[PDB]
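Protein chains in written order, with the authors' numbering: chain SM, 1 to 152; chain LE, 1 to 170; chain SV, 9 to 108; chain SS, 1 to 146; chain SR, 58 to 148. These notes are about the structure you will find just below.
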Amino acid sequence: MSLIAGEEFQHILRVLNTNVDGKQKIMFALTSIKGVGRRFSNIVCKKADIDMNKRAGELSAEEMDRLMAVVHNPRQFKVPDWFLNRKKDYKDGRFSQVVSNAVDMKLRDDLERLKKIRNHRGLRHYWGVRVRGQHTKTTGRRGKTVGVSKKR
Amino acid sequence: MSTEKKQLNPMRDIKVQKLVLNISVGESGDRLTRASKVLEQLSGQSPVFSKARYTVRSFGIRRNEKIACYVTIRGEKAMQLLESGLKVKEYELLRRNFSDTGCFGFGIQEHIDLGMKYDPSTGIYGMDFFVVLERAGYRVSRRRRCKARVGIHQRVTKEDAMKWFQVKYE
Amino acid sequence: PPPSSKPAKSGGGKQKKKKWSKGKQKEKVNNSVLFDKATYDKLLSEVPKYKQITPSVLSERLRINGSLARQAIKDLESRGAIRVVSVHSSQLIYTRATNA
Amino acid sequence: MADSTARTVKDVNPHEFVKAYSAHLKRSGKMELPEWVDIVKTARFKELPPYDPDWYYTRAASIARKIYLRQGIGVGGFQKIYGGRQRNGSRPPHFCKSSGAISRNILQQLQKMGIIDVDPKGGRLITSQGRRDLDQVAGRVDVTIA
Amino acid sequence: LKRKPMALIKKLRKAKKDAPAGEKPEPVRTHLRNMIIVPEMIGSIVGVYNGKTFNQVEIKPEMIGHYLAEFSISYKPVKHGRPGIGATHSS
RNA sequence: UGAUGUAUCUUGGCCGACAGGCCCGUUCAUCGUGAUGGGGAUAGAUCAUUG
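Dropping the structure here:
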């Protein structure tokens, strides 16, 4: 065939891992990105040197590569734990950003956490009750099962 | 029986028997075997269908049916794979994944490698890249007629394995 | 005309999910297939002789093309002078080929 | 040529006014941001990548129509006007404005230029110069409307 | 280890009570030992009393409340004097 | 009959992302009718302020 200015294409990412998004503008698509708000998304594109209206899926290779690196790690931003290395387990490490599978994975480390530590938070997970406070008065069907016939 | 103490090498030194890149997931959960596409790209030749034999208790009654896919590579094609594959898991890291038998294996998404995501219609997270290392003489346990077991004398060691691979680009 | 089932201790019934969903567009707007001629001539150009003027949305619906997708097509034609749009706030407006 | 102009600095539907004005504002020497913007300045969407036509100008322009009629007007008078900051339903917000940082930055650059002065309590008042660009532009616009 | 003045948290530190304060150094110098029967909950953790036997009364029995190898940049009453309140509607 | 963005006891103003702490005193870019740019539930990290 004749080489026309973008192939035909379409695209499949894994990006983080396993994940394949498309149809959307890059700015808006990125919001998906197991790493972004509407607030974040615009920043990463311009820094990366990517327009708003360019869909993420239509882009050439190197533009996408720059995305994959910039999100997890980039120029006038960073993030590093620090303090004196003292503290064992858990900390914060400096707002993991990051985001996404590392955050879901650490969110387990964090569940697991409280529980051995024996704090009131962990103690709640073992029990299965919702930890940051609801009305309770009703609503919480999810929190530990379906409506369970009468009672006793 | 390790006989090293002589006057050594070129038959002794390790070589690559094979690199098998194998997927295990199943049909229906991602698809037909569509991460064949992803294998196809990363390795450079087409993967071949995996059927199963024996037990499951969990869905998986059909028996004869597509469930998995693999690429057994070797020559330059295996090495070329190693170079890309070798650099992605980080290094260095670690004695435990090596068996004593002198083979080592790792996981990660096919999407790791240079490669387009755009071409792979699916990515799929993990499944063994396996590297089979052996000495020249293997051909005796492999070949049909005059099969002989490989002796303790011949068989690669993790130490030997770590060394030859640690010799190259990690 | 009816709704669906009814809830379960949980719970809710629903029943309904849709047609689908293709004309994803903007991806097919870049690559040649819908962009080069066909979408403009067939959808846009073929429709016009039957009715000289049509609203963009109506065109949207019959043609089964995305509002954004033939906004772009319309704009190209407009430059050609094949079509002339008018205006309106809701991005709605009217689409005409030629006056005559 | 004057007649449409003059008035129109005042009476014209902003939207062509703000648009019309922002291009004239571009020419100026100034626009130092000293990287303050980047941290997360506005509503949601709204970090300042878009801003080179869309925030900065239209914001600079923004004050400027307001100040003529409204004056005297101060930093709180600015912060508010776009904003929400609604008592929530508690399922929403809404967005969040700032906007002490925002207001401040637009007012400084204008002062260096000679456009705005500050009264010791009534806030800052239009100079001869500030009327002079705003109104000589409100001039192009009334023509494009009619 | 290594350690020196100043430590993080979120809007807590200043003046605080004196009766549990005066008590706590005492097992340092005369060694690790018996639990300390303290209801007082407003005493922010500080790394000096690391790895030591403490109690707190949530209420009618003591619930032994060790400072661990993990337990510090947290708040005192969390540890073992609300899991009794909570535990008994999860049994 | 939507969404969002822009536009249509308090304060001055210098410094800030919310949250503060002071010196004086409907327009239109977008939305493509998409369980999403819907929806904000939930949970974790963490900063200030009332106390």
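Even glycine gets a Cβ: it sits at the ideal position worked out from N, Cα and C.
- Nearest C-alpha to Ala60 of chain SS among SS:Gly122, SS:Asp133 and SS:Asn88: SS:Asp133.
- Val16 of chain LE has its alpha-carbon roughly 12 Å from the corresponding atom of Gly137 of chain LE.
- The beta carbons of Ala48 of chain SM and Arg75 of chain SM sit no closer together than 7 Å.
- Straight across, the Cα-Cα distance linking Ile50 of chain SM with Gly123 of chain LE is about 24 Å.
- Residues of chain SR with a Cβ closer than 7 Å to the Cβ of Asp89 of chain SM are, in chain order, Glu127.
- Neighbourhood of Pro50 of chain SS in chain SM, by CB distance below 8 Å: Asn42 and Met52, in chain order.
- For the stretch 2 to 44 of chain LE, the continuous beta strand (DSSP E) assignments of 3+ residues that do not extend past its boundaries occur at 15 to 24, in sequence order.
- Checking the DSSP bridge columns, you'll see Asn112 of chain SR partnered with SR:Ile121.
- Among the CB atoms of chain SM, one or more fall inside 7 Å of the CB of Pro140 of chain SR.
- Contact check for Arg90 of chain SR and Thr110 of chain SR: beta-carbon distance about 6 Å, within the 8 Å limit, so the pair qualifies.
- Shown here, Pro63 of chain SV sits in a strand according to DSSP, grouped into three states.
- Non-local C-beta neighbours of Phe43 of chain SV in its own chain, meaning closer than 7 Å and more than five positions away in sequence, comprise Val37, ordered along the chain.
- At least one C-beta of chain SS is nearer than 7 Å to the C-beta of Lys46 of chain SM.
- In the DSSP annotation of this structure, the continuous segment of the beta strand (DSSP E) that includes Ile73 of chain LE starts and ends at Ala68 to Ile73.
- Among the bridge pairs identified by DSSP, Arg104 of chain SV is matched with SV:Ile61 and SV:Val92.
- Contact between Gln136 of chain SS and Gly114 of chain SS does not hold, since the beta-carbon distance rounds to 16 Å and is not under 8 Å.
- For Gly141 of chain SR, same chain residues with a beta-carbon under 7 Å away, outside a window of 5 residues either side, are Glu115 and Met120 in chain order.
- Taking a cut-off of 8 Å on C-beta distances, the stretch 76 to 93 of chain LE touches the stretch 109 to 119 of chain LE, as three or more cross pairs fall below it.
- Residue burial is scored here from C-beta neighbours: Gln7 of chain LE has fewer than 16 other C-beta atoms within 10 angstroms and is therefore classed as exposed.
- The DSSP-derived three-state label of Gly123 of chain SS is strand.
- With contacts defined as CB atoms closer than 7 Å, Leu125 of chain SS and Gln79 of chain SS fail to qualify as a contacting pair.
- About 11 Å separates the beta carbons of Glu27 of chain LE and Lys51 of chain LE, which is beyond the 8 Å limit, so they are not a contact pair.
- Closer than 9 Å at the C-beta level to chain SR, one finds these residues of the stretch 128 to 145 of chain SM: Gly128 and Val129.
- Secondary structure within the stretch 45 to 114 of chain LE: the beta strand (DSSP E) runs of 3 or more consecutive residues, fully enclosed, are 48 to 50, 68 to 73 and 104 to 106 (chain order).
- If you look at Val167 of chain LE, you'll find it in the alpha helix (DSSP H) that goes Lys158 to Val167.
- Around the beta carbon of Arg78 of chain SV, 16 or more other beta carbons lie within 10 angstroms, which makes this residue buried.
- The alpha-carbon separation between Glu40 of chain LE and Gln97 of chain SM amounts to approximately 33 Å.
- The beta carbon of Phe49 of chain LE lies closer than 6 Å to those of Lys66 in the same chain, with the five residues before and after it left out.
- Along the stretch 6 to 27 of chain SM, going in chain order, the ones with a CB nearer than 8 Å to a CB of chain LE are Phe9, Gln10, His11, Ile12, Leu13, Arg14, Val15, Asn17, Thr18, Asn19 and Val20.
- Considering only beta carbons, the part of the stretch 36 to 64 of chain SV lying closer than 8 Å to chain SM consists of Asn38, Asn39, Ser40 and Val41, in chain order.
- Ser4 of chain SS places its beta carbon less than 7 Å from that of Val143 of chain SS.
- Distance from the CA atom of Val71 of chain SM to the CA atom of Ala35 of chain LE, rounded to whole angstroms, is 26 Å.
- Listed along chain SV is no residue with a C-beta nearer than 9 Å to that of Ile33 of chain SM; the closest approach is about 18 Å.
- For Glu16 of chain SS, the enclosing alpha helix (DSSP H) covers residues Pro14 to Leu25.
- Residue range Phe129 to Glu134 is occupied by the beta strand (DSSP E) that includes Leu133 of chain LE.
- In the DSSP assignment, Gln79 of chain SS falls within the unbroken alpha helix (DSSP H) covering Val75 to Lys80.
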